[PDB]
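A.B. asks: The following file, upload12.cif, comprises mmCIF, C-alpha atoms:
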data_my_file
#
loop_
_atom_site.label_atom_id
_atom_site.label_comp_id
_atom_site.auth_asym_id
_atom_site.auth_seq_id
_atom_site.Cartn_x
_atom_site.Cartn_y
_atom_site.Cartn_z
CA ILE A 3532 148.11 83.42 156.88
CA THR A 3533 147.94 79.62 157.18
CA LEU A 3534 147.19 79.72 160.90
CA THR A 3535 144.54 82.39 160.31
CA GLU A 3536 142.80 80.38 157.59
CA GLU A 3537 143.11 77.01 159.35
CA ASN A 3538 142.01 78.17 162.81
CA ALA A 3539 141.43 81.89 163.31
CA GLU A 3540 139.37 81.03 166.40
CA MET A 3541 142.52 80.47 168.43
CA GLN A 3542 143.93 83.76 167.16
CA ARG A 3543 140.93 85.89 168.12
CA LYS A 3544 140.75 84.01 171.42
CA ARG A 3545 144.38 84.91 172.09
CA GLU A 3546 143.97 88.62 171.35
CA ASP A 3547 140.69 88.97 173.25
CA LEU A 3548 142.01 87.01 176.24
CA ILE A 3549 145.21 89.07 176.40
CA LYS A 3550 143.31 92.35 176.14
CA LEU A 3551 140.76 91.30 178.77
CA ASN A 3552 143.55 90.16 181.10
CA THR A 3553 145.26 93.55 180.77
CA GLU A 3554 141.97 95.39 181.34
CA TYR A 3555 141.18 93.30 184.42
CA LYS A 3556 144.68 93.85 185.82
CA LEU A 3557 144.46 97.63 185.41
CA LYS A 3558 140.94 97.91 186.84
CA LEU A 3559 141.86 95.69 189.79
CA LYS A 3560 144.81 98.03 190.34
CA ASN A 3561 142.34 100.93 190.38
CA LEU A 3562 140.23 99.08 192.95
CA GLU A 3563 143.31 98.33 195.06
CA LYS A 3564 144.49 101.95 195.07
CA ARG A 3565 140.98 103.12 195.99
CA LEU A 3566 140.94 100.59 198.84
CA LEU A 3567 144.36 101.82 199.99
CA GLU A 3568 143.17 105.43 199.99
CA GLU A 3569 140.12 104.46 202.04
CA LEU A 3570 142.33 102.46 204.41
CA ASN A 3571 144.36 105.63 204.97
CA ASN A 3572 141.17 107.12 206.42
CA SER A 3573 140.39 106.38 210.06
CA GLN A 3574 136.96 104.89 209.33
CA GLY A 3575 135.96 106.57 206.07
CA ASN A 3576 132.60 107.78 204.84
CA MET A 3577 129.47 105.73 204.10
CA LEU A 3578 130.97 104.83 200.72
CA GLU A 3579 133.95 103.62 202.78
CA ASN A 3580 132.45 102.24 206.00
CA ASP A 3581 130.16 99.62 204.47
CA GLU A 3582 129.65 100.41 200.78
CA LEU A 3583 133.21 99.49 199.89
CA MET A 3584 132.90 96.48 202.19
CA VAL A 3585 130.53 94.97 199.62
CA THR A 3586 132.58 96.59 196.85
CA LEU A 3587 135.54 94.74 198.38
CA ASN A 3588 133.57 91.50 198.27
CA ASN A 3589 133.23 92.43 194.60
CA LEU A 3590 137.03 92.84 194.66
CA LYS A 3591 137.25 89.24 195.91
CA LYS A 3592 135.06 88.26 192.95
CA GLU A 3593 137.29 90.26 190.59
CA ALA A 3594 140.41 88.51 191.90
CA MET A 3595 138.68 85.15 191.45
CA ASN A 3596 137.77 86.15 187.88
CA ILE A 3597 141.38 87.10 187.14
CA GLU A 3598 142.59 83.81 188.63
CA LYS A 3599 140.22 81.72 186.53
CA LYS A 3600 140.98 83.69 183.36
CA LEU A 3601 144.74 83.35 183.85
CA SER A 3602 144.14 79.63 184.41
CA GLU A 3603 142.31 79.60 181.07
CA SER A 3604 145.25 81.49 179.54
CA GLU A 3605 147.76 78.95 180.88
CA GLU A 3606 145.55 76.18 179.52
CA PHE A 3607 145.24 77.77 176.08
CA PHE A 3608 148.61 79.35 175.18
CA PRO A 3609 150.63 76.11 175.66
CA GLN A 3610 148.20 74.34 173.31
CA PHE A 3611 148.77 77.11 170.76
CA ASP A 3612 152.55 76.80 171.03
CA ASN A 3613 152.19 73.01 170.82
CA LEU A 3614 150.13 73.03 167.62
CA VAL A 3615 152.24 75.63 165.81
CA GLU A 3616 154.62 72.73 165.04
CA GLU A 3617 152.56 71.60 162.03
CA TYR A 3618 152.63 75.09 160.52
CA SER A 3619 156.34 75.15 161.32
CA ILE A 3620 156.96 72.04 159.22
CA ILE A 3621 154.81 73.58 156.47
CA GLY A 3622 157.14 76.58 156.51
CA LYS A 3623 160.17 74.28 156.54
CA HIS A 3624 159.00 72.69 153.30
CA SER A 3625 157.90 76.01 151.79
CA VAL A 3626 161.26 77.74 152.26
CA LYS A 3627 162.99 74.90 150.40
CA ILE A 3628 160.36 75.14 147.66
CA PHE A 3629 160.97 78.88 147.32
CA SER A 3630 164.75 78.40 147.23
CA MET A 3631 164.32 75.78 144.49
CA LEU A 3632 162.08 78.12 142.48
CA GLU A 3633 164.67 80.90 142.82
CA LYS A 3634 167.36 78.45 141.67
CA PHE A 3635 165.30 77.80 138.55
CA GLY A 3636 164.71 81.53 138.14
CA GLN A 3637 168.39 82.41 138.08
CA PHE A 3638 169.05 79.89 135.28
CA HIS A 3639 167.03 81.74 132.62
CA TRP A 3640 165.71 85.29 132.55
CA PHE A 3641 162.16 84.07 131.94
CA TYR A 3642 161.96 81.56 134.82
CA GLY A 3643 161.94 84.17 137.59
CA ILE A 3644 159.52 84.11 140.51
CA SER A 3645 158.60 86.75 143.09
CA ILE A 3646 157.40 86.38 146.67
CA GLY A 3647 153.94 87.70 145.80
CA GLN A 3648 153.18 84.84 143.41
CA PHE A 3649 154.17 82.27 146.04
CA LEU A 3650 152.01 83.97 148.66
CA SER A 3651 149.08 84.08 146.23
CA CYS A 3652 149.48 80.37 145.48
CA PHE A 3653 149.59 79.54 149.19
CA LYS A 3654 146.43 81.59 149.70
CA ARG A 3655 144.82 79.69 146.79
CA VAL A 3656 145.43 76.10 148.07
CA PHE A 3657 143.30 77.02 151.14
CA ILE A 3658 140.75 79.06 149.10
CA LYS A 3659 140.26 75.97 146.85
CA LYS A 3660 138.31 73.39 148.94
CA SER A 3661 139.27 70.19 147.00
CA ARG A 3662 136.80 67.28 146.84
CA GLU A 3663 137.14 64.06 148.82
CA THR A 3664 140.75 63.04 148.17
CA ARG A 3665 143.14 60.41 149.50
CA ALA A 3666 143.21 60.05 153.30
CA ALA A 3667 146.45 61.94 153.88
CA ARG A 3668 146.25 61.31 157.66
CA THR A 3669 145.75 64.59 159.59
CA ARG A 3670 145.24 68.14 158.35
CA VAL A 3671 148.91 69.13 158.11
CA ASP A 3672 149.96 66.35 155.73
CA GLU A 3673 146.89 66.90 153.56
CA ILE A 3674 147.48 70.64 153.27
CA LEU A 3675 151.19 70.08 152.61
CA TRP A 3676 150.32 67.73 149.74
CA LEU A 3677 147.80 70.29 148.49
CA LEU A 3678 150.45 73.03 148.71
CA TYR A 3679 152.89 70.96 146.66
CA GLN A 3680 150.23 70.23 144.05
CA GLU A 3681 149.23 73.89 143.82
CA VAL A 3682 152.79 75.22 143.61
CA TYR A 3683 153.32 72.71 140.80
CA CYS A 3684 150.15 73.51 138.87
CA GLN A 3685 150.84 77.24 139.22
CA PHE A 3686 154.60 77.46 138.61
CA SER A 3687 155.01 74.54 136.22
CA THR A 3688 153.49 76.46 133.30
CA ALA A 3689 156.27 79.06 133.43
CA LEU A 3690 158.87 76.38 132.59
CA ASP A 3691 159.57 74.50 129.37
CA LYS A 3692 159.22 70.72 129.19
CA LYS A 3693 162.78 69.91 130.28
CA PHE A 3694 162.66 72.23 133.28
CA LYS A 3695 159.12 70.98 133.92
CA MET A 3696 160.38 67.43 134.43
CA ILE A 3697 163.41 68.70 136.38
CA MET A 3698 161.22 70.65 138.78
CA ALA A 3699 158.64 67.86 139.05
CA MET A 3700 161.30 65.29 139.95
CA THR A 3701 163.08 67.62 142.38
CA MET A 3702 159.86 68.57 144.15
CA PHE A 3703 158.65 64.97 144.37
CA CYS A 3704 161.97 63.90 145.88
CA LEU A 3705 161.85 66.88 148.25
CA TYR A 3706 158.41 65.80 149.47
CA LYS A 3707 159.23 62.09 149.76
CA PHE A 3708 162.56 62.66 151.53
CA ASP A 3709 160.74 63.95 154.62
CA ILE A 3710 157.30 62.34 154.35
CA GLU A 3711 158.72 58.82 153.85
CA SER A 3712 161.41 56.61 155.38
CA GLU A 3713 165.16 56.76 154.82
CA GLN A 3714 165.09 53.60 152.69
CA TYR A 3715 162.71 55.36 150.29
CA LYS A 3716 165.11 58.30 150.04
CA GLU A 3717 168.16 56.08 149.51
CA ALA A 3718 166.44 54.02 146.81
CA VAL A 3719 165.20 57.06 144.88
CA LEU A 3720 168.60 58.75 145.23
CA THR A 3721 170.51 55.75 143.87
CA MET A 3722 167.93 55.32 141.10
CA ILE A 3723 168.35 58.96 140.05
CA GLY A 3724 172.09 58.32 140.10
CA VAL A 3725 171.44 55.39 137.75
CA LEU A 3726 169.47 57.75 135.50
CA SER A 3727 172.52 60.00 135.33
CA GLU A 3728 175.70 58.66 133.74
CA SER A 3729 178.53 60.95 134.87
CA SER A 3730 177.74 60.01 138.48
CA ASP A 3731 175.89 56.81 139.36
CA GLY A 3732 175.28 54.59 142.36
CA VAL A 3733 174.56 50.89 142.80
CA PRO A 3734 171.45 49.46 141.06
CA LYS A 3735 169.30 48.49 144.04
CA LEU A 3736 165.74 47.29 144.55
CA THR A 3737 163.53 46.55 147.55
CA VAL A 3738 160.75 43.95 147.42
CA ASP A 3739 157.24 44.44 148.84
CA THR A 3740 158.21 47.58 150.77
CA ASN A 3741 158.10 50.39 148.18
CA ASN A 3742 155.67 49.25 145.48
CA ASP A 3743 156.05 52.24 143.15
CA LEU A 3744 159.83 51.82 143.02
CA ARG A 3745 159.15 48.35 141.62
CA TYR A 3746 157.42 50.01 138.67
CA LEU A 3747 160.37 52.40 138.47
CA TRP A 3748 162.84 49.53 138.22
CA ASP A 3749 160.61 47.92 135.59
CA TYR A 3750 160.65 51.16 133.58
CA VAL A 3751 164.39 51.82 133.91
CA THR A 3752 165.62 48.28 133.24
CA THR A 3753 163.61 48.32 130.00
CA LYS A 3754 165.49 51.49 128.92
CA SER A 3755 162.18 53.38 128.57
CA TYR A 3756 163.53 56.66 129.87
CA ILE A 3757 160.59 58.92 128.97
CA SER A 3758 158.26 56.77 131.06
CA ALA A 3759 160.72 56.92 133.96
CA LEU A 3760 160.82 60.72 133.75
CA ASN A 3761 157.07 61.20 133.48
CA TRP A 3762 156.36 58.74 136.31
CA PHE A 3763 156.96 61.55 138.80
CA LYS A 3764 154.30 63.73 137.18
CA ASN A 3765 151.94 60.76 136.76
CA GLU A 3766 152.03 59.76 140.44
CA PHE A 3767 152.22 63.36 141.68
CA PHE A 3768 148.48 63.37 140.85
CA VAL A 3769 148.03 66.72 139.13
CA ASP A 3770 146.78 67.89 135.74
CA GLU A 3771 149.07 70.07 133.64
CA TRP A 3772 147.18 73.28 132.96
CA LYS B 3297 136.69 92.24 209.64
CA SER B 3298 136.86 88.86 207.93
CA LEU B 3299 137.52 90.37 204.49
CA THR B 3300 140.63 92.09 205.85
CA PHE B 3301 142.38 88.72 206.19
CA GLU B 3302 141.38 87.65 202.68
CA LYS B 3303 143.04 90.81 201.38
CA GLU B 3304 145.86 90.25 203.89
CA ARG B 3305 146.93 87.10 202.07
CA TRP B 3306 146.41 88.75 198.68
CA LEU B 3307 148.69 91.66 199.64
CA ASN B 3308 151.11 89.10 201.12
CA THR B 3309 151.25 87.35 197.72
CA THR B 3310 154.19 89.68 196.91
CA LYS B 3311 156.17 86.49 196.20
CA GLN B 3312 155.47 87.25 192.54
CA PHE B 3313 157.45 90.50 192.79
CA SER B 3314 160.03 88.56 194.80
CA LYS B 3315 160.64 86.13 191.93
CA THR B 3316 160.41 88.92 189.34
CA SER B 3317 163.25 90.71 191.15
CA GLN B 3318 165.56 87.81 190.21
CA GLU B 3319 165.45 87.81 186.39
CA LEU B 3320 165.38 91.59 185.82
CA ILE B 3321 169.08 91.80 184.93
CA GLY B 3322 168.88 89.09 182.27
CA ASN B 3323 165.70 90.47 180.73
CA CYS B 3324 167.24 93.95 180.56
CA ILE B 3325 170.39 92.49 178.99
CA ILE B 3326 168.32 90.75 176.33
CA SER B 3327 166.19 93.83 175.64
CA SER B 3328 169.19 96.17 175.39
CA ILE B 3329 171.00 93.77 173.06
CA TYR B 3330 167.84 93.49 170.96
CA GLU B 3331 167.58 97.29 170.79
CA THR B 3332 171.21 97.85 169.80
CA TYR B 3333 172.51 94.85 167.83
CA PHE B 3334 169.40 93.51 166.11
CA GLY B 3335 168.47 96.69 164.25
CA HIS B 3336 169.93 95.35 161.01
CA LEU B 3337 169.21 91.61 161.30
CA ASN B 3338 166.55 89.46 159.65
CA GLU B 3339 164.18 87.07 161.41
CA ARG B 3340 166.38 83.99 160.99
CA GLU B 3341 169.44 85.98 162.06
CA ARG B 3342 167.54 87.49 164.99
CA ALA B 3343 166.37 84.06 166.17
CA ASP B 3344 169.89 82.63 165.88
CA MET B 3345 171.35 85.47 167.94
CA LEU B 3346 168.54 85.16 170.50
CA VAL B 3347 169.28 81.48 171.03
CA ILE B 3348 173.01 82.28 171.17
CA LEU B 3349 172.37 84.95 173.81
CA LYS B 3350 170.15 82.62 175.84
CA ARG B 3351 172.76 79.86 175.78
CA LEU B 3352 175.35 82.44 176.85
CA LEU B 3353 173.11 83.50 179.73
CA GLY B 3354 172.86 79.85 180.74
CA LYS B 3355 176.64 79.39 180.59
CA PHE B 3356 177.12 82.42 182.91
CA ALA B 3357 174.00 81.58 185.02
CA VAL B 3358 171.77 84.65 185.45
CA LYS B 3359 168.01 84.38 185.79
CA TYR B 3360 165.96 85.46 182.78
CA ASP B 3361 162.31 85.09 181.86
CA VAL B 3362 161.84 82.01 179.69
CA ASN B 3363 158.54 83.40 178.38
CA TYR B 3364 160.20 86.55 177.07
CA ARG B 3365 158.63 88.74 174.39
CA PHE B 3366 160.63 91.80 173.38
CA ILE B 3367 157.53 93.66 172.19
CA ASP B 3368 155.58 93.01 175.39
CA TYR B 3369 158.50 93.70 177.74
CA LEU B 3370 158.95 97.37 176.76
#
I'd like the structure from this file rewritten - as structure tokens, please.

C.D. replies:
Amino acid sequence: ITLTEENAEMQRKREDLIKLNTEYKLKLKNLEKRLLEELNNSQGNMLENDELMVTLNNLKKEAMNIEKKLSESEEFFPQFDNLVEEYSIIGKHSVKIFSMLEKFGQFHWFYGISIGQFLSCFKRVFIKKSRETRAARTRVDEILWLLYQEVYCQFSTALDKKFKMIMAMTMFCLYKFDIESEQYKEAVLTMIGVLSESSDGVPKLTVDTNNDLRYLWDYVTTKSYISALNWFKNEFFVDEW
Amino acid sequence: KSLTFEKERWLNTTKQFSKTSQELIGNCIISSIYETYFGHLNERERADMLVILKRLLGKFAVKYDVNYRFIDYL
């Protein structure tokens, strides 16, 4: 669905090119068998003596057409298989998101989620053409950020406030673990450990590299826990419906 | 005639069948295994067993089509 919506041109090109290649192969086979049958004749008829001489020049043209179209195919299909990587990483994030939603769903009978709702949400992010937003580099990162925002704004409302903050924090960390550097992940992991008390890490800070984590340290060291929790929702840049 | 030579080389381009006659065994192995084993497997499981089978084919060294599609091969 995502490849269709993002670029269905390459799809329809692939199907039409494959079908036309098969049609050209079969009709060239028909021409070749006709030529073989006429070759079996000593000289053939007028349709065979000179008429299929020019028809065989047409066969040359048909072979040239098949060569150029298979060249186009070998130019196009590798590009398709090259650019499916972005949609692959989208799926990589999405499967983790779905597993996390199922993990929430098994905790309480009300928090369940079906595949259809997730598919509808993923259809929606594309259907909703957001206004000029932050320059999230290329298309894949932008639509991944949109997908995270939409899965939040759709499946947050089914959770109470505690599970809302749990899911917001988990999803923000899940996004930032891959979209950012390993230092970012280590700092947020040890800070979350600091937030917990049964298990905790080493209080650590980095200067002038991760600017938001500076605000996080400011919040935590002041023992303002509610601000630390709602920071994830504040900087995740969505409105609670 | 002159066109007879241009078709002479085209009919002599049977090198494509020559190379195809080298990976038939591996492709048939993969297709038969797909038909029998993979009836009850999911997409992730099917992909894992396909990569396992391809690595096994490499370890035993028998030619198989890299651009293999089970649907299109049958």

A.B. asks: Any idea what's packed within 12 Å of segment 3629-3637 of chain A, counting all atoms listed in the file, ignoring anything in its chain fewer than 3 positions away? Could you give it as a PyMOL selection string?

C.D. replies: chain A and resi 3622-3626+3640-3650+3652-3653+3679+3682-3683+3685-3687+3689-3691+3693-3695+3697-3702+3705

A.B. asks: Please, could you write that set of residues out with C-alpha atoms as a CSV table (one decimal), keeping the file's coordinate frame?

C.D. replies:
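Resulting contents of out_14.csv:
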chain,number,residue,atom,x,y,z
A,3622,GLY,CA,157.1,76.6,156.5
A,3623,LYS,CA,160.2,74.3,156.5
A,3624,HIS,CA,159.0,72.7,153.3
A,3625,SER,CA,157.9,76.0,151.8
A,3626,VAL,CA,161.3,77.7,152.3
A,3640,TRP,CA,165.7,85.3,132.6
A,3641,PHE,CA,162.2,84.1,131.9
A,3642,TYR,CA,162.0,81.6,134.8
A,3643,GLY,CA,161.9,84.2,137.6
A,3644,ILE,CA,159.5,84.1,140.5
A,3645,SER,CA,158.6,86.8,143.1
A,3646,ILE,CA,157.4,86.4,146.7
A,3647,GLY,CA,153.9,87.7,145.8
A,3648,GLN,CA,153.2,84.8,143.4
A,3649,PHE,CA,154.2,82.3,146.0
A,3650,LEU,CA,152.0,84.0,148.7
A,3652,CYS,CA,149.5,80.4,145.5
A,3653,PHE,CA,149.6,79.5,149.2
A,3679,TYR,CA,152.9,71.0,146.7
A,3682,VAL,CA,152.8,75.2,143.6
A,3683,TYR,CA,153.3,72.7,140.8
A,3685,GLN,CA,150.8,77.2,139.2
A,3686,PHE,CA,154.6,77.5,138.6
A,3687,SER,CA,155.0,74.5,136.2
A,3689,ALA,CA,156.3,79.1,133.4
A,3690,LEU,CA,158.9,76.4,132.6
A,3691,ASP,CA,159.6,74.5,129.4
A,3693,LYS,CA,162.8,69.9,130.3
A,3694,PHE,CA,162.7,72.2,133.3
A,3695,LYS,CA,159.1,71.0,133.9
A,3697,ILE,CA,163.4,68.7,136.4
A,3698,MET,CA,161.2,70.6,138.8
A,3699,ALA,CA,158.6,67.9,139.0
A,3700,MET,CA,161.3,65.3,140.0
A,3701,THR,CA,163.1,67.6,142.4
A,3702,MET,CA,159.9,68.6,144.2
A,3705,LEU,CA,161.8,66.9,148.2

A.B. asks: Apply the PyMOL selection byres ((chain A) within 9 of (chain B)) to the displayed file and report the matching residues as a ChimeraX atom specification.

C.D. replies: /A:3584,3587-3588,3591

A.B. asks: So what does the PyMOL selection byres ((chain A and resi 3595-3607) around 8) actually pick up in this one, as a list in words?

C.D. replies: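 Going through the file, the PyMOL selection byres ((chain A and resi 3595-3607) around 8) ends up selecting residues 3548, 3552, 3555, 3556, 3591, 3592, 3593, 3594, 3608, 3609, 3610 and 3611 of chain A.
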
A.B. asks: Selection from above, C-alpha atoms, as a PDB file, in the frame of the given file, can you write it?

C.D. replies:
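Output file selection.pdb follows:
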ATOM      1  CA  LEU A3548     142.010  87.010 176.240  1.00  0.00           C
ATOM      2  CA  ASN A3552     143.550  90.160 181.100  1.00  0.00           C
ATOM      3  CA  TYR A3555     141.180  93.300 184.420  1.00  0.00           C
ATOM      4  CA  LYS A3556     144.680  93.850 185.820  1.00  0.00           C
ATOM      5  CA  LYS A3591     137.250  89.240 195.910  1.00  0.00           C
ATOM      6  CA  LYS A3592     135.060  88.260 192.950  1.00  0.00           C
ATOM      7  CA  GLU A3593     137.290  90.260 190.590  1.00  0.00           C
ATOM      8  CA  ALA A3594     140.410  88.510 191.900  1.00  0.00           C
ATOM      9  CA  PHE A3608     148.610  79.350 175.180  1.00  0.00           C
ATOM     10  CA  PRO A3609     150.630  76.110 175.660  1.00  0.00           C
ATOM     11  CA  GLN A3610     148.200  74.340 173.310  1.00  0.00           C
ATOM     12  CA  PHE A3611     148.770  77.110 170.760  1.00  0.00           C
TER      13      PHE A3611
END

A.B. asks: Report as a PyMOL selection string the full result of the PyMOL selection byres ((chain B and resi 3326-3329) around 9) when it is applied to this structure.

C.D. replies: chain B and resi 3321-3325+3330-3334+3346+3349-3350+3360+3366+3369-3370

A.B. asks: For the atom pair atom CA of residue 3736 of chain A and atom CA of residue 3768 of chain A, what is the interatomic distance in Å to one decimal place?

C.D. replies: 23.9 Å

A.B. asks: What is the distance, in Å and to one decimal place, between atom CA of residue 3569 of chain A and atom CA of residue 3298 of chain B?

C.D. replies: 17.0 Å

A.B. asks: Extract, using all atoms listed in the file, all DNA, RNA and protein residues at most 12 Å from residue 3583 of chain A, discarding same-chain residues fewer than 3 positions from it, and format them as a list in words.

C.D. replies: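 Counting all atoms listed in the file, the residues come to residues 3562, 3563, 3565, 3566, 3567, 3568, 3569, 3570, 3574, 3575, 3576, 3577, 3578, 3579, 3580, 3586, 3587, 3588, 3589, 3590 and 3591 of chain A; 3299 of chain B.
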
A.B. asks: Could you check how far atom CA of residue 3314 of chain B sits from atom CA of residue 3348 of chain B, in Å to one decimal?

C.D. replies: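 Calculated distance between atom CA of residue 3314 of chain B and atom CA of residue 3348 of chain B is 27.7 Å.
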
A.B. asks: Compile the contact shell of residue 3721 of chain A as JSON, numbers by chain: residues with an atom at most 7 Å away, counting all atoms listed in the file, same-chain residues fewer than 4 positions apart removed.

C.D. replies: {"A": [3717, 3725, 3732, 3733, 3734]}

A.B. asks: Which polymer residues, protein or nucleic acid, are no farther than 12 Å from (139.2, 74.1, 159.7), counting all atoms listed in the file, as a VMD selection string?

C.D. replies: chain A and resid 3533 to 3541 3657 to 3658 3660 3669 to 3671 3674
